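**Q** Just dropping this structure here.
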Number of protein chains: 2
Amino acid sequence: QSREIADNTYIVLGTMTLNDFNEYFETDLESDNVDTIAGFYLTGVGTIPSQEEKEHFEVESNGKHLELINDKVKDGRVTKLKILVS
Amino acid sequence: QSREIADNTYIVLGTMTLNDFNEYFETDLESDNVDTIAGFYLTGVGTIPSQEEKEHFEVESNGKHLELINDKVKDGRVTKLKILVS
């Protein structure tokens, strides 16, 4: 569900569960009525981004700073995210 | 995919395709990179709504005025919409 593409830089599938995300990244992200990393990102930014109009969401968890950015969007779904760690 | 619940008032599944929606409602809704009515609504409002913080989107098509409102949201997906016609 997650692939390292450069140092501290990853592509994750939007459908990756928050529990799997948290296990991989050693974080503790959570949000009400959210199950997946796309859900967490979308509820955090509050907007359907696009490639032209990317949306960045920054959070801190377990001493890691994460920057989440849309990498692919389909029918209003963020299907891939770029994750940059600290 | 669509159910009449009161006069000129409908509940539609978010996964209803725009082509099926348009056939049912006699409209011509379209948007780039969108396939379903949820995709159209979400790209139009630009925000993940919630039940507490509903989002309304109004459009005109083929002489019909449509008001689209979230009825159910799951993991950032609008899964059901209320549609009010003219």
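The chains in the structure tokens are called A, B, ... from first to last as shown; in each chain the residues are counted from 1, and the ligands are counted from 1 in the order shown.
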Can you show chain A as an mmCIF file with C-alpha atoms, in the first residue's frame once it has been least-squares superposed onto chain B, using every C-alpha atom paired in order?
**A**
```cif
data_model
loop_
_atom_site.group_PDB
_atom_site.id
_atom_site.type_symbol
_atom_site.label_atom_id
_atom_site.label_comp_id
_atom_site.auth_asym_id
_atom_site.auth_seq_id
_atom_site.Cartn_x
_atom_site.Cartn_y
_atom_site.Cartn_z
ATOM 1 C CA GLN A 1 -30.185 4.253 -7.928
ATOM 2 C CA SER A 2 -32.803 6.991 -7.411
ATOM 3 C CA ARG A 3 -35.904 6.936 -5.179
ATOM 4 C CA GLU A 4 -38.646 9.532 -4.946
ATOM 5 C CA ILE A 5 -39.288 10.354 -1.250
ATOM 6 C CA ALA A 6 -41.671 13.351 -1.574
ATOM 7 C CA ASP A 7 -42.933 15.478 -4.484
ATOM 8 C CA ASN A 8 -39.896 16.631 -6.515
ATOM 9 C CA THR A 9 -37.594 15.249 -3.794
ATOM 10 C CA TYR A 10 -35.272 12.277 -4.308
ATOM 11 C CA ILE A 11 -32.522 10.261 -2.645
ATOM 12 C CA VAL A 12 -29.779 9.078 -5.001
ATOM 13 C CA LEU A 13 -26.815 6.828 -4.424
ATOM 14 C CA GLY A 14 -23.553 8.733 -4.785
ATOM 15 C CA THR A 15 -22.286 5.954 -7.055
ATOM 16 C CA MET A 16 -25.090 6.648 -9.580
ATOM 17 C CA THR A 17 -23.295 7.472 -12.835
ATOM 18 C CA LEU A 18 -23.818 10.897 -14.313
ATOM 19 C CA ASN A 19 -25.175 9.245 -17.431
ATOM 20 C CA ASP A 20 -27.799 7.335 -15.404
ATOM 21 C CA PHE A 21 -28.564 10.471 -13.341
ATOM 22 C CA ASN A 22 -29.029 12.543 -16.488
ATOM 23 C CA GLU A 23 -31.331 9.919 -18.032
ATOM 24 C CA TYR A 24 -33.487 9.773 -14.877
ATOM 25 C CA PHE A 25 -33.703 13.524 -14.294
ATOM 26 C CA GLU A 26 -33.674 14.631 -17.957
ATOM 27 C CA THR A 27 -30.589 16.738 -17.379
ATOM 28 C CA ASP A 28 -27.133 17.182 -18.962
ATOM 29 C CA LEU A 29 -24.749 17.538 -16.010
ATOM 30 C CA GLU A 30 -21.074 17.109 -16.807
ATOM 31 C CA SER A 31 -17.714 17.875 -15.315
ATOM 32 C CA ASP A 32 -14.131 17.074 -16.210
ATOM 33 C CA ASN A 33 -12.712 13.985 -14.462
ATOM 34 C CA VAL A 34 -16.098 13.050 -13.050
ATOM 35 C CA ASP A 35 -18.147 9.896 -13.569
ATOM 36 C CA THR A 36 -20.736 9.861 -10.803
ATOM 37 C CA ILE A 37 -23.198 12.211 -9.149
ATOM 38 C CA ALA A 38 -21.092 12.195 -5.933
ATOM 39 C CA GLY A 39 -18.055 13.170 -7.991
ATOM 40 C CA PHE A 40 -20.019 15.990 -9.639
ATOM 41 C CA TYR A 41 -21.325 17.239 -6.272
ATOM 42 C CA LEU A 42 -17.953 17.044 -4.499
ATOM 43 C CA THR A 43 -16.072 18.803 -7.317
ATOM 44 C CA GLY A 44 -18.826 21.477 -7.293
ATOM 45 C CA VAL A 45 -18.764 22.219 -3.534
ATOM 46 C CA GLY A 46 -14.991 21.644 -3.086
ATOM 47 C CA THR A 47 -15.324 20.345 0.498
ATOM 48 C CA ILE A 48 -16.039 17.127 2.311
ATOM 49 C CA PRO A 49 -19.379 18.026 4.018
ATOM 50 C CA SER A 50 -20.797 16.311 7.065
ATOM 51 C CA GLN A 51 -24.271 15.909 8.528
ATOM 52 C CA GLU A 52 -23.421 18.736 10.963
ATOM 53 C CA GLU A 53 -22.042 20.936 8.197
ATOM 54 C CA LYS A 54 -24.076 20.146 5.102
ATOM 55 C CA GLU A 55 -23.145 21.513 1.758
ATOM 56 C CA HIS A 56 -25.681 22.583 -0.868
ATOM 57 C CA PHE A 57 -24.947 22.778 -4.588
ATOM 58 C CA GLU A 58 -27.401 24.306 -7.009
ATOM 59 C CA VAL A 59 -27.320 23.847 -10.747
ATOM 60 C CA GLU A 60 -29.594 24.470 -13.701
ATOM 61 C CA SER A 61 -29.894 21.952 -16.525
ATOM 62 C CA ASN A 62 -32.434 21.504 -19.342
ATOM 63 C CA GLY A 63 -34.684 23.996 -17.643
ATOM 64 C CA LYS A 64 -34.655 22.130 -14.332
ATOM 65 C CA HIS A 65 -33.158 23.704 -11.203
ATOM 66 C CA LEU A 66 -31.542 21.039 -9.013
ATOM 67 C CA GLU A 67 -30.429 21.431 -5.407
ATOM 68 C CA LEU A 68 -27.983 18.711 -4.286
ATOM 69 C CA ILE A 69 -27.395 18.133 -0.557
ATOM 70 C CA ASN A 70 -25.379 15.476 1.236
ATOM 71 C CA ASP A 71 -27.560 12.874 2.911
ATOM 72 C CA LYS A 72 -24.861 10.406 4.025
ATOM 73 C CA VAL A 73 -21.063 10.655 4.170
ATOM 74 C CA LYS A 74 -18.607 7.795 4.881
ATOM 75 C CA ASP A 75 -14.773 8.163 4.979
ATOM 76 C CA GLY A 76 -14.893 11.386 2.945
ATOM 77 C CA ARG A 77 -17.227 9.855 0.373
ATOM 78 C CA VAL A 78 -20.701 11.298 -0.130
ATOM 79 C CA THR A 79 -22.584 8.022 -0.457
ATOM 80 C CA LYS A 80 -26.171 9.418 -0.617
ATOM 81 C CA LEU A 81 -27.493 12.718 -1.894
ATOM 82 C CA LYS A 82 -30.837 14.458 -1.569
ATOM 83 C CA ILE A 83 -31.969 16.029 -4.878
ATOM 84 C CA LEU A 84 -34.693 18.658 -4.971
ATOM 85 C CA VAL A 85 -36.049 19.504 -8.413
ATOM 86 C CA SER A 86 -37.268 23.024 -9.253
#
```
**Q** Write out as a VMD selection string all residues of chain B that DSSP puts in alpha helix (DSSP H) for this structure's backbone.
**A** chain B and resid 18 to 25 37 to 45
